[PDB]
Every structure is written in C-alpha cells, then in structure tokens.
C-alpha cells in the first residue's frame, strides 16, 4: 500500500542544489508528514532505519 | 518573471539491449534475402 | 519538452508542443500581535524613574 | 483612525481594475474589524440571510448591524479604508462622494439603501470574480428621514388601489424621486416585505389600544389623566375609529408584549441614525454630486 503511495506522484521540475543527506551519501526525495498517533503503530510493525 | 523553464532527458543503454542486433546504413535498396540451411 | 515516440505507419505526424505554461503566486497575511500594559510606557522609555 | 486592509482577490481585468478606480471614497460595510480583511466580507453576495437576496428591510437590518468603512486610498492587492466607527469624536477627517442632493456644511449624513434611488446605479459589479458592491447612499438626517416614510406611504397607494407623493422640494432644487421607466415597478416589489411591517405594527396596536383603554381605568392617577392631555383627541379618536371599525384579557396582554416587541424592532430598523458628520473647513459649505467633502467622525 505504501510503495504505490510512495510513487503515485511525479518528480517536480526541481533540483535543489542543497541536499539533505543520509549520513552515507544518499539524497532524500520525499517528506511523508503524518500525525503522531499513526506514526507510532506504523513504525514498530513496518521496519525501520 | 522567473526561471526554471528547463527539463532534461535522454534514453540509451537499454535502447541497444532489447534490440538484439543492428545493421546500420540501408542504402537505396529493393530486396533483402536471408536464406536458412538446416 | 515532452518526448516523442514518433510513429511508423501512415497515421499522421507527431508535433512537439514545447509550451510555456505559467502559474500564479498567492498572497498571505500571517499576522501576529502582542500586548503592552498601561504601565511600562513611561518605563522602557525613561519617564517614570 | 486605525486603517484596515481589504485584500484584493486573484485575477481581475483592467476595467475591473478601473472599477476599483471609480470607487475611491465610497462607503463600505463589513462584519468584523480584523486588521486584514478580504473582499468576501464586502460584496452584496455576502448579505444573504435566508438563502435569498435581501430586500431593503434585509439590507437595513445589516445596514444597522455591520460596520461602516470609508476607502481613503485605493490600492493594488489591498484596500485601505480608515474606518469611521473607530477613533475619538471629531477626529480623523475622511472624504466622501456626494450623490444628487447637496450635503450642506452640516447635516450629519446617514448611510442607507440603494433602491430608494436608482437601483442599478452604484451597484458596481466586478466582472472577473463576479461579485457586486452595492454602495449605500449618504443622505443627511432631515431628508433621509423624509424619503424613507414617503415610498412606504407610496407603497400603500400601490398596495390596494382605486395626491402625488413624489415631488418633495429641497431648499433650492426640485428632487425627482420618480425614476419611472423601469425602477418604480421594481420599487414596490423590493420594499415589498417592508410595507407589511409599517402596516402590521399599526393595525395591531390601534386595534389593541381600543380594547386596552376601555378595559383599563375600571379594572386612579393614570385614569383621569388618560384623557387629560387627550381631551377631544383620544375620545374623539374613540368617536371616529371605534364607530367605523369592529370591537379577552389573557390573549390581549399576551399580544401587548408581542406588538411592543415588534415596535422595538422597527425603531432599530427605521429612523436612520447619524453616524458620521460633515463639518468641514475652508470649503464653499455646499457639496455637489461627484465632488469630495471633508467628513468628520462622530455626530
């Protein structure tokens, strides 16, 4: 369910030139704002980073 | 009054793999024969 | 500059519309305020010392 | 003063922009006094109260309810109005646009309905976002109280038919109230509910008093002093009306509050109280139609 929701949209006409890293090299391409209540039961059952 | 009127694009690499052979340069041609001997 | 998969057959020819589309900027308020009592007007200026 | 901003919405045309250039100095009504406002609180479409378009009653309820604001300087992306109702008395001089009478050096002008004059005059419409700004008419206190009681009197002769009420001279001019060709047929259907209010508060009370006072004085300082200042006035009205009309206490005193409840409505409805004053300086003391006037805050 998430993985299509992860890419139902399409990438914008945008290169930031200032990227948010992942401590290795990896650039971040999404945000996924959620509520506090949903984020709890989502993380502990659908692993993790 | 703004930029970002730019997108970029190209497509190769797999564009030769599935093709899985190529003769380039067809000239003024009429008939192409390939015969099989098994 | 959208791609073209320019076709074989006598179906008529593709045509690249490299159109300029515009958008429209909104305007927002974001207002904030804070009180100040009847005293501390002579104060913070230098009157009632 | 405390100037308040009304936000211009999105894409309008240059005649819609020029419509905003023919209104610099009009009168604007608004519900709340938030320092940033939008145009959605302004339009005549924001006057819907029961799902239909308001009448001249339905406007004069709101015209006594919400708050006047006068646009000093027009702007792109904003509307600056220094509102009247804020500020101390006789301060913050503001400038208005006259309509056909004078607005003399005094008079204390009053905002009131458009359809007592030409209805599709001053109903200025925005074409792009498709809204309507029906600006009220600033009339001074004597004539404003004059014309309000004439058309509802003209509504009576238009109600159930069988002099001509419409001449009404000013100090110099002859004021043509009748804009005949298409307005007056729309007049008696846009003051339509309002005439019933001026009537029903008269038919109830007079037919209540003629079964109140005969039920009073014998059911004593108010007794003999009832007709003391009403000698040959109320007994004469008891002689005239009670003869050519018809003639119960527990529904009666129940009707006593209800009529007088409707009476307290109408006093807030009618009589058009002054809100702003013309008392200028170094003017010709006499304003003409289309010319500005320095207007000061409180009556």
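Cβ coordinates were reconstructed from backbone atoms using ideal geometry, including for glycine residues, and neighbour counts include every protein chain displayed. The numbers here are math on the coordinates, done by the rules we state, and not lab data.
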Fill in: Extreme residue, farthest from the other protein chains (Cβ to nearest Cβ), among residues of the stretch D:2-53 that are in contact with a strand residue (DSSP E or B) (Cβ under 8 Å, 6 or more places away or on another chain) and on the phi > 0 side of the Ramachandran plot
D:25
Worksheet item: What are the residues in the stretch A:28-43 that are under 25 Å from residue A:10 (Cα atoms) and surrounded by fewer than 10 Cβ atoms within 10 Å (Cβ to Cβ), if any?
Response: A:30, A:31, A:32, A:33, A:35, A:38
Worksheet item: Would the stretch C:8-24 turn up any residue that is surrounded by 10 or more Cβ atoms within 10 Å (Cβ to Cβ) and within 14 Å of chain D (Cβ to nearest Cβ)?
Response: no
Worksheet item: Under 8 Å by Cβ, and 6 or more places apart or on different chains, what pairs join a residue from the stretch A:1-26 that is within 14 Å of chain B (Cβ to nearest Cβ) with one that is part of a loop (DSSP other than H, G, I, E, B)?
Response: A:11/A:29; A:13/B:4; A:13/B:6; A:13/B:7; A:14/B:4
Worksheet item: Is it the case that some residue within the stretch D:249-263 is surrounded by fewer than 14 Cβ atoms within 10 Å (Cβ to Cβ) and either touching a strand residue (DSSP E or B) at 6+ places or on another chain (Cβ under 9 Å) or closer than 28 Å to residue D:85 by Cβ (or both)?
Response: yes
Worksheet entry | Residue list for the stretch D:39-60, filter: closer than 19 Å to residue D:77 by Cβ and crowded, with 16+ Cβ neighbours inside 10 Å | D:39, D:41, D:42, D:43
